[PDB]
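As a plain string of letters, each chain reads:
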Amino acid sequence: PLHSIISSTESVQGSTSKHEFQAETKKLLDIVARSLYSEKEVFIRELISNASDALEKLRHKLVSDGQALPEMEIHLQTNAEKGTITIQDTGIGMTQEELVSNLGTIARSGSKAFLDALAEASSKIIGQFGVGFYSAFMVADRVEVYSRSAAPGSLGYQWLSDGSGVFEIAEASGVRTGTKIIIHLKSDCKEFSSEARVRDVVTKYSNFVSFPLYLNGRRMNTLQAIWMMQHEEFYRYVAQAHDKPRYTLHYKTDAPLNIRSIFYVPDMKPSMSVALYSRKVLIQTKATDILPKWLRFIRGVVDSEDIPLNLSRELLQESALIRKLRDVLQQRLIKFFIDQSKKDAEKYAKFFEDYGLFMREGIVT
Amino acid sequence: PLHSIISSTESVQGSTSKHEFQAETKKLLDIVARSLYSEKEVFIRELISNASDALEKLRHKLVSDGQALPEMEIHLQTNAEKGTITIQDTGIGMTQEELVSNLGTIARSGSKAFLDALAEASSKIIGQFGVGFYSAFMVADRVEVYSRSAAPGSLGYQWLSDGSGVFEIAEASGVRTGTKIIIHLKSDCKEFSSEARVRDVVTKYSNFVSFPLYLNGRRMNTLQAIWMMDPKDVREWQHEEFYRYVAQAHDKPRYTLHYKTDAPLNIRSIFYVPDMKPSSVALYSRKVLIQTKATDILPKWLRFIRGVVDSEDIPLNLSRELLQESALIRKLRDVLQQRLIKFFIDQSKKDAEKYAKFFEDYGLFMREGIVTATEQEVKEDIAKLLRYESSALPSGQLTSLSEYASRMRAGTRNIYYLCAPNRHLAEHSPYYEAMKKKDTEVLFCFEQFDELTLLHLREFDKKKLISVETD
Ligand SMILES: Nc1ncnc2c1ncn2[C@@H]1O[C@H](COP(=O)(O)OP(=O)(O)NP(=O)(O)O)[C@@H](O)[C@H]1O
Ligand SMILES: Nc1ncnc2c1ncn2[C@@H]1O[C@H](COP(=O)(O)OP(=O)(O)NP(=O)(O)O)[C@@H](O)[C@H]1O
Ligand SMILES: [Mg+2]
Ligand SMILES: [Mg+2]
């Protein structure tokens, strides 16, 4: 009772016609606006990252040109009263051509475009896809942008758009070199006019940006990205704990893949995990799965620039390198513990044995 | 000190230049290829899904012309020797114009155009985003397509491309109405020229496709979508085999609930509780698999339940591998939480002993459910499932909190319990004999994850839960 209808029944007649793939751009834009990210909030994340890059770029050229570095800041003002968000940066900024192209062309990344020339600033430039800015439209009735290029005879420009097929660009002056982005919020999104809300978002995704950051005049950071160089406040921060670390491991490596990671073991038991970053932007607040589940008591921070990220940037690409990275971490963690039950008496077992149950939890598997 | 650089300094001099958004089509195709899906295998799913659409559309228009229908099938052929995987449908197929537009334009969906022109057959069309076909480029050096429209004076065409910004279209003779897609696998992807591998993929995602599917000659979709049938036209042998499929188990369900609602959104679902003692329901949309693990659509305390939940309108992520949450998955999951809680309380009300060992085998999850829940009405909801033992009824028997709210009244004011590892310690306790001869009644809990549960519940049915080993 076999049944197939697949047979070699075709014959191509008359020479082909050659064509070029094209795009339903408005539908692409809204696909990003309502079918790409899990939470609306990440739009902030995206914008911040843009700013970072803008700044990074600037200083790169500046550094490579023996010129002093102006104050390089990122500002977030929340206007509750007028229903808006604004993010502004002292970065390199756009010209009109750069406007039209980088903002108006979908999937264009003048950042990765910048990258394909450089390798220091290559390690901190964050964007790669060319779709992130459009996250604004998740929450925006309308987007207002003013920008001006660091380069000499630059005019200011007003690039604005409603989020649908057409953007428009007028010449605007009185724009500070860099870029300001005013977002006028949708009704169901006025919650981002809240300083407290925006604060929580930034603390969530961009708590560790390489440039000073001022929400409504208050500075944010001053929390150093320790996993790349008082593990105490860092443990009790990332693990969220009024507790302090029994055990600590700072683990950098570039054999296997580039990994910059720190692991804590906390002082209470659980009764009843980690967190993954890339280029100082949060990928998953609770990071699953890049740590064997018997090791769920451990937590802290794993970073790797060389993780392929999903288009959403909230996901690892389970291109199998990732849970083989998992395996690498299991290896160095084991070696960590056996070594630290030979550097002290303590040890591997009755020491922290609210966790011995995690290791024949361990050979459950 | 407060520092802000942001102030309204700008002023617009001119008048605007108008522009249209454009796109980098090649980088986009590549974004679909290397950065969208969690695993490559899903290209099969997509093809099949989009293939499915072709048939449905054809059906819809043949029926709307009063035509009889052709044989409406889906065929997959793996050729290991030429390293290709092929999918052919006998659906509507494409004209030349339809080839250029529907394959050549990114995010173009002739399927949802077809839908935005359409009632009845609208529940079935899978596609909406218009990027799915391109998933083939995850695994293809090159893609051969032949298609001929079911339109009357149709010609046949060969649309072919390597996934790099350019495709070509030729006229072709000998094309059967519908579409053949021959995928020429890449070197590290001839993995998908295996009959076993592909069979696995097909059963994983596309096991309930509403058209007969033949792989290398064999019929595949042989299992009926039981959650869309009327609850009486399914009874124990199909429920057993369906459970023993979705829950990968080799026992029987203790409990079976067939739940259908359009209160909020369309739910067509089955929930099973297994008969083994424990040592994630499956999510579908339009008969296509979304998550093996449907987390989150059920609260995590109901993770012990297995089975299937389907909904036509679950907002899908661009990947179709994830759920995009709107207001509606919160509400979906509170719908399912309460329908399940009610299920367990009333099926306790119809058979008390089977519920008794349901509690002795699964009470653990309800305890957890009560300690974790934020809203306390919810805590009380789960609390109606808790059965403890009591002093006033013989050793062994259990009782609900509500039965104790009924059995204590008049001038009695609170509920409470005593926790201890055995009954004889509970029944021989200083604290309870003190509770016994001013005697108001005291519950007995011997699974002291029960006193944690009771401490977090704190109050049930307009009353507090007070301790006796704390008076
Ligand atoms: N604030 C800004 N200042 C200067 N240039 C910017 C700014 N925001 C965006 N751009 C430019 O416009 C592009 C659009 O940004 P975006 O949509 O975020 O894509 P991307 O940052 O390049 N990569 P991704 O964010 O992952 O999609 C950037 O790549 C820059 O070239
Ligand atoms: N097997 C097929 N037979 C005929 N037409 C097809 C077939 N597959 C795709 N098409 C056409 O190509 C278009 C693009 O489909 P596709 O890129 O797979 O995404 P979509 O089906 O439109 N929606 P989605 O599944 O979410 O991506 C469809 O709308 C059809 O017009
Ligand atoms: Mg960006
Ligand atoms: Mg499709």
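Digging into the overall build of chain B
For chain B, the helix and strand inventory stands at 13 helices and 23 strands. If one aligns the C-alpha atoms of chain B with their principal axes, the spans along those axes are about 95 × 70 × 45 Å. Residue burial in chain B is summarised as follows: out of 471 residues, 52% are buried. Accessible surface, chain B as shown: approximately 22,200 Å² in total, 48% of it carbon and sulfur. Positive and negative charge centroids in chain B, built from 63 and 65 side chains respectively, lie 2 Å apart.

Topic: the UniProt feature "binding site: ATP" in chain B
All names here are of chain B. Here the UniProt-annotated "binding site: ATP" positions come out as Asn50, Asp89, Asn102, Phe133 and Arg320. As for its placement among the helices and strands, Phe133 is situated in the loop between α4 (110–115) and β7 (140–148). Since its relative accessible area comes to 9%, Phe133 is described here as buried. Sequence-distant contacts of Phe133, that is, excluding residues within four places in its chain, are made with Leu47, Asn50, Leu103, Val143, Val145, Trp159 and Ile181. Among the structural elements, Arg320 can be located in the loop between β17 (306–310) and α7 (327–350). Excluding anything up to four places from it in sequence, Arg320 contacts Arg45, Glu46, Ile126, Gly127, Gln128, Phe129, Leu289 and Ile290. Here the side chain of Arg320 touches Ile126 through a polar contact of 3.1 Å, landing on its backbone oxygen.

Digging into the site of ligand 2
All names here are of chain B. The local shell around ligand 2 holds 22 residues, among which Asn50, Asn102, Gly110, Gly132 and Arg320 are the closest. With respect to ligand 2, the backbone of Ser111 contributes an N or O atom lying 3.0 Å from an oxygen atom. Within the side chain of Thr179, one N or O atom sits 3.2 Å away from a nitrogen atom of ligand 2. In the complex, the protein chains occlude 96% of the 600 Å² of accessible area that ligand 2 would expose alone. Those elements that place two or more of their residues in the shell around ligand 2 are α2 (42–63), α3 (96–104) and α4. Top contributing element to the shell around ligand 2 by residue count: α2, with five residues. In terms of residue class, the shell around ligand 2 is built from seven nonpolar, ten polar and five charged.

Describing the domain arrangement of chain A
Residue and element names in this part refer to chain A. Split into domains, chain A comes out as domain 1 (25–219) and domain 2 (231–364). Its C-alpha centre places domain 1 at a distance of 33 Å from the equivalent point of domain 2. Counting residues at the interface gives 23 residues for domain 1, matched by 15 residues for domain 2. When the buried area of domain 1 at its contact with domain 2 is split by residue, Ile126, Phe129 and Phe208 rank highest and sum to 33% of it.

Observations regarding the pattern of salt bridges
Residues and elements named next belong to chain A. Under the definition given, this model contains 34 salt bridges over all chains. The shortest N-O distance in the salt bridge between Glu41 and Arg197 comes to 3.3 Å. In this structure, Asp354 and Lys269 form a salt bridge, with 3.1 Å as the shortest nitrogen-oxygen distance. Of the residues examined, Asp354 reaches a relative accessible area of 29% and is grouped as partly exposed.

Things to note about the UniProt feature "binding site: ATP" in chain A
All names here are of chain A. UniProt records the feature "binding site: ATP" for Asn50, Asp89, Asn102, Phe133 and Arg313 in the present numbering. Structurally, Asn50 can be placed in helix α2 (residues 42–63). By relative accessible area, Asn50 is classed as partly exposed at 30%. Turning to its location among the elements, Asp89 is positioned in strand β4 (residues 84–89). When residues no more than four places from it in sequence are discounted, the contact partners of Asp89 are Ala51, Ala54, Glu73, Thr177, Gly178 and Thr179.

Looking at unusual backbone geometry
Note that the residue after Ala255 of chain A, namely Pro256 of chain A, is joined by a cis bond; omega there is 5°. Here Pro256 of chain A lies in the loop between β12 (245–253) and β13 (259–266). Geometrically, the link from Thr295 of chain B to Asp296 of chain B is a cis peptide bond, its omega value of 10° lying close to zero. As for its position among the elements, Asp296 of chain B is in the loop between β16 (288–294) and β17.

Description of the site of ligand 1
Residues and elements named next belong to chain A. Near ligand 1 you find 19 residues, and of these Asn50, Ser109, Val131, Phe133 and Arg313 are the closest. Contact between ligand 1 and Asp89: a nitrogen atom at 3.1 Å from a side-chain N or O atom of the residue. When the free accessible area of ligand 1 is taken as 590 Å², the share hidden by the protein chains comes to 96%. Where the shell around ligand 1 is concerned, the elements lending two or more residues are α2 and α4 (110–115). Here the shell around ligand 1 gets four residues from one element, more than from any other, and that element is α2. Its residues assigned to classes, the shell around ligand 1 comprises five nonpolar, ten polar and four charged.

Some remarks on the pairing of strand β5 (residues 84–89) of chain B
Residues and elements named next belong to chain B. Most of β5 is tucked away, with six of its six residues classed as buried. The two faces of β5 match: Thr84, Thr86 and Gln88 on one face and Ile85, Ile87 and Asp89 on the other face are all buried. Bridge count for strand β4 (residues 74–79) against β5 is six bridges, and the pairing is antiparallel. Residue pairing in the sheet places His75 in a bridge with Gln88 of β5. Counting the residues that bridge the hairpin from β4 to β5 gives four residues, and of these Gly83 lies at a positive phi of roughly 60°. The sheet contact formed by β5 and strand β10 (residues 178–185) spans six bridges and is antiparallel. In the strand pairing of β10, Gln88 is matched with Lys180.

Some words on the coordination of the magnesium ion (ligand 4)
Surrounding the magnesium ion (ligand 4) are the protein donor atoms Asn50 of chain B (OD1) and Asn50 of chain B (ND2), at 1.9 to 2.1 Å. As for its position among the elements, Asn50 of chain B is in helix α2.

Some words on the state of the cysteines
Note on terminology: a disulfide is the covalent bond linking the sulfur atoms of two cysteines. Residue and element names in this part refer to chain B. Here the structure, examined in full by the defined rule, presents one disulfide over all chains. The side chain of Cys419 participates in a disulfide bridge whose partner is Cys445; the two sulfur atoms lie 2.0 Å from each other. Taking the sign of the S-S torsion, -85° for the link of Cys419 and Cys445, the bridge is left-handed. Placement of the pair is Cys419 in strand β20 (residues 416–419) and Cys445 in strand β21 (residues 442–445), with a sequence separation of 26 residues. Pair check on accessibility: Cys419 and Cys445 agree, each one buried.

Section: the sheet that holds strand β16 (residues 299–303) of chain A
Residue and element names in this part refer to chain A. Read from one edge of the open sheet, five strands run β12-β13-β16-β14-β15, paired in mixed fashion. A strand with exactly one partner marks an edge of an open sheet, and here the two such strands are β12 and β15 (281–287). The sheet shows a mean angle of 15° between the axes of neighbouring strands, direction not considered. Across five bridges, the pairing between β13 and β16 is antiparallel. In the sheet register, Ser261 faces β16, and the bridge partner there is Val302.

Remarks on the environment of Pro299 of chain B
Tracing the backbone through its elements, the reader meets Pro299 of chain B in the loop between β16 and β17. When residues no more than four places from it in sequence are discounted, the contact partners of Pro299 of chain B are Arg333 and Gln337 of chain B.

Some remarks on helix α5 (residues 195–205) of chain B
Residues and elements named next belong to chain B. Listed as buried for α5 are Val198, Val201, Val202 and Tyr205. The buried residues of α5 all sit within an arc of 95° when viewed along its axis, so they share a single face. The inward-facing, buried residues of α5 abut α2, β4, β5, β11 (213–215), β15 (281–285) and β16. The N-cap of α5, judged by a side-chain oxygen 3.3 Å from the amide nitrogen of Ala196 a few residues on, is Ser194.

What counts, and at which threshold
- Residues numbered from 1 in each chain as written, not as in the entry; some residues may be left out.
- Chains lettered and ligands numbered in written order.
- Heavy atoms only, no water.
- Helix = DSSP H or I, 4+ residues; strand = E, 2+ residues; numbered from the N terminus.
- Buried < 20%, exposed > 50% of the residue type's maximum accessible area, 1.4 Å probe, protein only.
- Areas by Shrake-Rupley, 256 points an atom, 1.4 Å probe, with all protein chains shown as cover.
- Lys, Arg positive; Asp, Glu negative; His and termini not counted.
- Charge placed at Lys NZ, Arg CZ, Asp CG, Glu CD.
- UniProt positions renumbered as here; feature names shortened; annotations may be inferred.
- Contact = heavy atoms within 4.5 Å.
- Polar contact = N/O pair within 3.5 Å; in protein donor to acceptor, adjacent residues only side chain to side chain.
- Near = heavy atom within 4 Å.
- Nonpolar A, V, L, I, M, F, W, Y, C, P; charged D, E, K, R; others polar.
- Domains from an automatic or database assignment.
- Buried area = accessible area lost by both parts, 1.4 Å probe.
- Salt bridge = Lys/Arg side-chain N within 4 Å of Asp/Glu carboxyl O.
- Pairing = 2+ DSSP bridges.
- Donors = N, O, S within 2.8 Å, 3.2 Å for Na, K, Ca; no water.
- Disulfide = S-S within 2.5 Å.
- Axes fitted to C-alpha atoms, helices over the stretch in contact; angles between N-to-C directions.
- Arc of directions from axis to C-beta.

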